[PDB]
Amino acid sequence: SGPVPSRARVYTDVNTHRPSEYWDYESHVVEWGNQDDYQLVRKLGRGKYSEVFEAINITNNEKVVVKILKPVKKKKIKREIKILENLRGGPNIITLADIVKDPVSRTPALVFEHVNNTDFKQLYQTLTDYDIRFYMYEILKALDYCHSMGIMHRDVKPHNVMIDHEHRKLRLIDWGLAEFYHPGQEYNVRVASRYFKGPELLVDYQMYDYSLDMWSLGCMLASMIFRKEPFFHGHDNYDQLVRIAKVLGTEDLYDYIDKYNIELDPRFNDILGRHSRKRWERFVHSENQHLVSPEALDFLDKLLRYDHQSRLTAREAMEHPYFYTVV
Ligand SMILES: Clc1cc(C[NH2+]CCc2ccc[nH]2)ccc1-c1ccccc1
């Protein structure tokens, strides 16, 4: 009878009630400006789909961020642009300022507002319990906003979250893997980075939704409060589910695949084993106890669930007792 259908508990029909203009990215008209207004300063990093540079807009002496895209697929560039234009101005969303092409290379490039990234290794050691709560709340504002706009990020991870700690400024970036949520649509499961992949992706359950971002967020929270990076350390996509099963246990995993009538790939047969459900308190040690609290553990337990429908939505997460000290 195949797998059981599923749809988001929130913002289910946001794209359904909007004109095609909004979500039909293949029909979006992209106006490529002139790259001569921008001077590249330094490389900020390298990715699978792009090279990111700190730059200066010479027409106003203002620092910008320039993302040079490896022009692999036109549909994908149009999708990211449309999503960035749709979300432009949303809370803690990277602001697309310009779309340019270098006159000679004609390589697509996206120009963004400047974010001054604090050294992560230096940041990690000095972050307090309050700082974790504060920045988690900031990502949640970004996620509630994009989910409200019918968009799922699908690549929530530390590398996609820019923090300027001096100014307590946070931006969610890299919307290249982002997609419009349409109820009942079957999506490609080959999204997100291995350590942050939700169980729905690993079991090849294609009818996923905004809740995928909430699992990824839970992985980030678990690594931060427990000082264990990454939290679920898989060596491959099949092993990744085994690492999750070593914490959440195999009984709840079989409950999830039975609820949605999922067929577990035969590659899981000899590696999954049998695992008891572990208490979150077991991950507490002398080096992380100052970041752990019963509220933090209760909130984590509500994000890291196999059942994507049982995870807190970004709005429900923002209302959790863990965030009382921030607002
Ligand atoms: Cl998400 C994050 C992320 C970082 C910082 N990365 C920045 C990645 C980057 C640099 C250049 C391109 N990308 C530091 C800390 C956190 C954090 C803080 C509080 C709670 C959870 C996570």
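By the numbers in Swiss-Prot, the shown part of chain A spans 2-328.
A Cβ is built for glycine as well, from the same backbone N, Cα and C atoms used for every other residue.
Feature annotations, reproduced from Swiss-Prot:
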type	residues	note
ACT_SITE	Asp156	active site, proton acceptor
BINDING	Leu45, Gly46, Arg47, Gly48, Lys49, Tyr50, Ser51, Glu52, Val53, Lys68	ATP binding site
DOMAIN	39-324	domain 'Protein kinase'
REGION	36-41	region 'Interaction with beta subunit'
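Everything Swiss-Prot records as a feature, shown here on the structure.
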| residue | record | Cβ neighbours (10 Å) |
| --- | --- | --- |
| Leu45 | ATP binding site | 16 |
| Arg47 | ATP binding site | 8 |
| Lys49 | ATP binding site | 9 |
| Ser51 | ATP binding site | 19 |
| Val53 | ATP binding site | 18 |
| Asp156 | active site, proton acceptor | 21 |
Calculate the distance in Å between the alpha carbons (Cα) of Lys49 (ATP binding site) and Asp156 (active site, proton acceptor), and round it to a whole number. 13
As a check: which entries in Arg47, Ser51, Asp156, the recorded positions, place their Cβ less than 6 Å from an atom of ligand 1? none
Cβ within 8 Å of the ATP site's Cβ centroid: which residues qualify beyond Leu45, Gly46, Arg47, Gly48, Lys49, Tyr50, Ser51, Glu52, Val53, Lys68? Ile69
Under DSSP, is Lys49 (ATP binding site) helix, strand or coil? coil
What does DSSP give as the helix, strand and coil breakdown of the region 'Interaction with beta subunit' (36-41)? 3 helix, 3 strand, 0 coil
Quick check for the class: what is the C-alpha distance, in angstrom and rounded, between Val53 (ATP binding site) and the residue listed as 'active site, proton acceptor'? 17
Compute the C-alpha separation of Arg47 (ATP binding site) from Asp156 (active site, proton acceptor), stating it in Å without decimals. 16
Pairwise C-alpha maximum, in angstrom, for the residues (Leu45, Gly46, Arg47, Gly48, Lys49, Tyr50, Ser51, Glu52, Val53, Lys68) that bind ATP according to the record: 14
Distance from the residue listed as 'active site, proton acceptor' back to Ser51 (ATP binding site), taken between C-alpha atoms, in Å: 14
Roughly how many Å separate the Cα of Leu45 (ATP binding site) from that of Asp156 (active site, proton acceptor), to the nearest whole number? 19
